[PDB]
K.L.:
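Below you'll find the structure I mean.
Heavy atoms only: backbone and side chains are in, while hydrogens, waters and symmetry mates are out. Counting from 1, the numbers follow the sequence of the chain as shown.
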Amino acid sequence: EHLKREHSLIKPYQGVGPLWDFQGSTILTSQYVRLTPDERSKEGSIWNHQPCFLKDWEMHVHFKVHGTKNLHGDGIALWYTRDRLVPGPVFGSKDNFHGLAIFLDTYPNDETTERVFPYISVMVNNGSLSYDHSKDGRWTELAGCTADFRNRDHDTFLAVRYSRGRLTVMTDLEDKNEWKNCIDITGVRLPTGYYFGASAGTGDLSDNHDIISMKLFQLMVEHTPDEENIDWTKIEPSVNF
Ligand SMILES: OC[C@H]1O[C@H](O[C@@H]2[C@@H](O[C@@H]3[C@H](O)[C@H](O)O[C@H](CO)[C@H]3O)O[C@H](CO)[C@@H](O)[C@@H]2O)[C@@H](O)[C@@H](O)[C@@H]1O
Ligand SMILES: [Ca+2]
């Protein structure tokens, strides 16, 4: 009914099953995991070692993006995918992934966009989609919200809930200890047996991308008779039911 330690990244980040592995620019310190420094052309990631077999879960992420007018980037991505620790151009991680991505995009690559950044969005992939970095992934996203999470003078949190086809992302960015709406969609199909992870990238523009904690909660949810005769591990990630 509560916190799943084996799927949580918690300081001092010395968890042992080694519960998380890192690669690229990633460093561990006693107060945060820094995926990238504020230097150009960096890619870094951290990935849960144990595959998650919960159908119904909620991941809380305490993260921090910060640096030195409109000239910073590129953002963080939070993952729940079949493959782990594979570097790539998608905020540090492979493209054509299988599963779920939540992008915390801080830089408008699309030069004539009406969209206010930073922008949070979700993308579900069965390996057949490419993330168009140059268009901020707009043509492959399912939903998104504008989110003011960068350079705040207090803690910034995100909640990603997934249960029974329903994917919710909510924010806590204004120090009011309240969740605010961002994303709420249905007909999302994902398998169990995927891995949680997080990554960030910087290009010609940079920023510190830090994860302070990821806390995975197991939700107590009733399912239908029929639902339980599925091999939930072989479901193909899918959208629109
Ligand atoms: O990290 C950001 C970005 O870096 C590279 O993209 C280049 C960048 O060029 C910008 C842009 O022209 C802006 O007006 O000024 C910036 C500094 O003053 C400059 O670096 O962004 C453009 C997209 O708008 C690209 O066409 C440039 O090549 C790449 O590595 C990107 O992947 C990365 O997103
Ligand atoms: Ca972008």
K.L.:
For the residue pair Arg84 and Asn48, confirm or rule out a side-chain donor-acceptor distance under 3.5 Å.
P.N.:
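Checked: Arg84/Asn48 side chains show no N/O donor-acceptor pair below 3.5 Å.
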K.L.:
Please answer whether the main-chain N or O of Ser8 pairs with a side-chain N or O of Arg5 as donor and acceptor at a distance below 3.5 Å.
P.N.:
yes
K.L.:
Closest approach of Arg40 and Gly203, non-hydrogen atoms and distance?
P.N.:
CB-O, 3.1 Å
K.L.:
Would you say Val65 and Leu104 make side-chain contact, with heavy atoms under 4.5 Å?
P.N.:
no
K.L.:
In this structure, is the centre-to-centre distance between the rings of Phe157 and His60 below 6.0 Å?
P.N.:
no
K.L.:
Does atom NE2 of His154 have more than 12 heavy-atom neighbours, drawn from other residues, nucleotides or ligands, at distances under 6.0 Å?
P.N.:
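Above 12, so yes.
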K.L.:
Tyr194 and ring-ring contact (aromatic ring centres under 6.0 Å, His included): which single residue from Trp79, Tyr80, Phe97 fits?
P.N.:
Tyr80
K.L.:
Which distance, rounded to the nearest 0.5 Å, do you find between the OG1 of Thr171 and the CH2 of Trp179?
P.N.:
8.0 Å
K.L.:
Please check this pair: side chain of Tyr32 against backbone of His209, looking for a donor-acceptor N/O pair closer than 3.5 Å.
P.N.:
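No, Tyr32 side chain to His209 backbone: no donor-acceptor pair under 3.5 Å.
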K.L.:
Hey, mind stepping through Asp132 and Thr140 against side chain to side chain contact (heavy atoms under 4.5 Å, CB included) and telling me if it holds?
P.N.:
CA-CA 8 Å; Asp132 194 2; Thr140 44; 5.9 Å; no
K.L.:
Hey, which of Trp47, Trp20, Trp57 is the one that makes ring-ring contact (aromatic ring centres under 6.0 Å, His included) with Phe196?
P.N.:
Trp57
K.L.:
Following the transitive rule for hydrophobic clusters with a side-chain heavy-atom cut-off under 4.5 Å over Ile, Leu, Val, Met, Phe, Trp and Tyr, establish whether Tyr131 and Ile120 coincide in one cluster.
P.N.:
no
K.L.:
Quick one: do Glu178 and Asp172 satisfy side chain to side chain contact (heavy atoms under 4.5 Å, CB included)? Show the steps, please.
P.N.:
CA-CA 6 Å; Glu178 279 183 337; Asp172 178 347; 5.9 Å; no
K.L.:
Between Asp184 and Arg166, does any side-chain N to carboxylate O distance fall below 4.0 Å?
P.N.:
yes
K.L.:
Heavy atoms only: give me the nearest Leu35-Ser199 pair and the separation to one decimal.
P.N.:
CD1-C, 3.8 Å
K.L.:
Is any side-chain heavy atom of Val221 closer than 4.5 Å to a side-chain heavy atom of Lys55?
P.N.:
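Result no, sub-4.5 Å side-chain heavy-atom pair not found.
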K.L.:
Do you know which two heavy atoms are closest between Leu173 and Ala147, and how far apart they sit?
P.N.:
CD1-CB, 4.0 Å
K.L.:
Please name the pair of heavy atoms, one in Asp83 and one in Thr81, separated by the smallest distance, quoted to 0.1 Å.
P.N.:
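Result for this residue pair: O-OG1, 2.9 Å.
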K.L.:
When you compare the side chains of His66 and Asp210, does any donor N or O come within less than 3.5 Å of an acceptor on the partner?
P.N.:
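Yes, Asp210 and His66 have a side-chain donor paired with an acceptor closer than 3.5 Å.
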K.L.:
Could you check whether any side-chain heavy atom of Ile235 comes within less than 4.5 Å of a side-chain heavy atom of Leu190, counting everything from C-beta outward?
P.N.:
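No; the side chains remain at least 4.5 Å from each other.
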K.L.:
Any side-chain heavy atom of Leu54 within less than 4.5 Å of one from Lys4?
P.N.:
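When only atoms from C-beta onward are counted, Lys4 and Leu54 do touch, with a gap below 4.5 Å.
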K.L.:
Would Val160 and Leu167 count as a side chain to side chain contact (heavy atoms under 4.5 Å, CB included) if you check the C-alpha gap in whole Å, the side-chain angles of each, and the deciding distance to 0.1 Å?
P.N.:
CA-CA 7 Å; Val160 182; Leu167 183 93; 4.0 Å; yes
K.L.:
For the hydrophobic clusters of this structure (ILVMFWY residues joined by side-chain heavy atoms under 4.5 Å, transitively), does one cluster hold both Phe91 and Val86?
P.N.:
no
K.L.:
Could you report the tightest heavy-atom contact between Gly201 and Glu43, atom names first, then the distance?
P.N.:
CA-CG, 4.3 Å
K.L.:
Show the numbers, then the answer: is there a salt bridge (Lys or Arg N to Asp or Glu O under 4.0 Å) between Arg150 and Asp207?
P.N.:
CA-CA 10 Å; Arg150 181 194 182 259; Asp207 244 2; 2.8 Å; yes
K.L.:
With a 3.5 Å distance limit and no angle check, can you tell me whether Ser30 reaches the backbone of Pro12 through a side-chain donor-acceptor pair?
P.N.:
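Not a single qualifying donor-acceptor pair exists.
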K.L.:
Nearest 0.5 Å, what's the CG-NZ distance between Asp110 and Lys135?
P.N.:
4.0 Å
K.L.:
In Å, rounded to the nearest 0.5 Å, how long is the span from CD1 of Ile185 to CG of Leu142?
P.N.:
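CG of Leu142 is found 4.5 Å from CD1 of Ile185.
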K.L.:
If the condition is side-chain contact (heavy atoms from CB on, under 4.5 Å), which residues does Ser213 pass it with, not counting sequence neighbours?
P.N.:
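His62, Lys215.
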K.L.:
Any non-hydrogen side-chain atom of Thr106 less than 4.5 Å from a side-chain atom of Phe117?
P.N.:
no
K.L.:
Please collect all salt bridge (charged side-chain N to carboxylate O under 4.0 Å, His left out) contacts where either partner lies in residues 224-238, sequence neighbours excluded, each pair once.
P.N.:
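Passing the test, one end in residues 224-238: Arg164-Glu227.
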K.L.:
Would you please say whether a donor-acceptor pair under 3.5 Å links the side chains of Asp38 and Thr68?
P.N.:
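Checked: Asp38/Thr68 side chains pair up, N/O donor to acceptor below 3.5 Å.
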K.L.:
Does the side chain of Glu141 reach to within under 4.5 Å of the side chain of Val122, using non-hydrogen atoms?
P.N.:
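No, every pair of side-chain atoms sits at 4.5 Å or beyond.
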K.L.:
Show your reasoning for whether salt bridge (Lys or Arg N to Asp or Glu O under 4.0 Å) applies to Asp136 and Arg115.
P.N.:
CA-CA 10 Å; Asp136 307 300; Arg115 215 211 248 335; 5.8 Å; no
K.L.:
Any side-chain heavy atom of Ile27 within less than 4.5 Å of one from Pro37?
P.N.:
no
K.L.:
So, taking the atom named CG in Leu78 and the one named CZ in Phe103, what distance separates them when rounded to the nearest 0.5 Å?
P.N.:
10.0 Å
K.L.:
Same cluster or not: are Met214 and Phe149 linked, directly or through other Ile, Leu, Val, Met, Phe, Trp or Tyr residues, by side-chain heavy atoms under 4.5 angstrom apart?
P.N.:
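In one cluster: yes.
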K.L.:
Does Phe22 have any ring-ring contact (aromatic ring centres under 6.0 Å, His included) partners at least two apart in sequence or in another chain, and if so, which?
P.N.:
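Result, ring-ring contact (aromatic ring centres under 6.0 Å, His included) vs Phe22: none returned.
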K.L.:
So, taking the atom named NZ in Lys64 and the one named CG in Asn151, what distance separates them when rounded to the nearest 0.5 Å?
P.N.:
8.0 Å
K.L.:
Verify, without hydrogens or angle tests, whether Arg34 (side chain) and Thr29 (backbone) share a donor-acceptor contact under 3.5 angstrom.
P.N.:
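A pair under 3.5 Å: no.
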K.L.:
So, taking the atom named OG1 in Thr26 and the one named NZ in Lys42, what distance separates them when rounded to the nearest 0.5 Å?
P.N.:
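Result: 10.5 Å between the selected atoms.
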K.L.:
Would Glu114 and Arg138 satisfy salt bridge (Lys or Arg N to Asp or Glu O under 4.0 Å), going step by step from the backbone distance to the final call?
P.N.:
CA-CA 12 Å; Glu114 87 297 359; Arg138 138 177 262 139; 2.9 Å; yes
K.L.:
With clusters defined by side-chain heavy atoms of hydrophobic residues (ILVMFWY) lying less than 4.5 Å apart, directly or transitively, does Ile183 cluster with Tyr119?
P.N.:
no
K.L.:
Counting N and O atoms only, with roles assigned by atom type, does the side chain of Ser93 sit under 3.5 Å from a partner on the main chain of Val90, one being a donor and the other an acceptor?
P.N.:
no
K.L.:
Could you go through the side chain to side chain contact (heavy atoms under 4.5 Å, CB included) check for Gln31 and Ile212 one step at a time?
P.N.:
CA-CA 7 Å; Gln31 295 304 310; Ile212 288 84; over 6 Å; no
K.L.:
Kindly work out whether a path of hydrophobic side-chain contacts (I/L/V/M/F/W/Y, heavy atoms less than 4.5 Å apart) joins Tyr195 to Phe217.
P.N.:
no
K.L.:
Look only at the side chain of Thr36 and the backbone of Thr202, and say whether a donor-acceptor pair between them is shorter than 3.5 Å.
P.N.:
no
K.L.:
Do the non-hydrogen side-chain atoms of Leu129 and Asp95 ever get within less than 4.5 Å of each other?
P.N.:
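They are not in contact (no side-chain heavy atoms under 4.5 Å apart), so the answer is no.
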K.L.:
Short question: side chain of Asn96, backbone of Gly127 - any donor-acceptor pair under 3.5 Å?
P.N.:
yes
K.L.:
At their closest point, which heavy atom of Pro87 faces which heavy atom of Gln23, and how far apart are they?
P.N.:
CD-OE1, 3.4 Å
K.L.:
Quick check: does any side chain N or O of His98 sit under 3.5 Å from a backbone N or O of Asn126, one acting as donor and the other as acceptor?
P.N.:
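The answer is yes, because a donor-acceptor pair under 3.5 Å joins these two groups.
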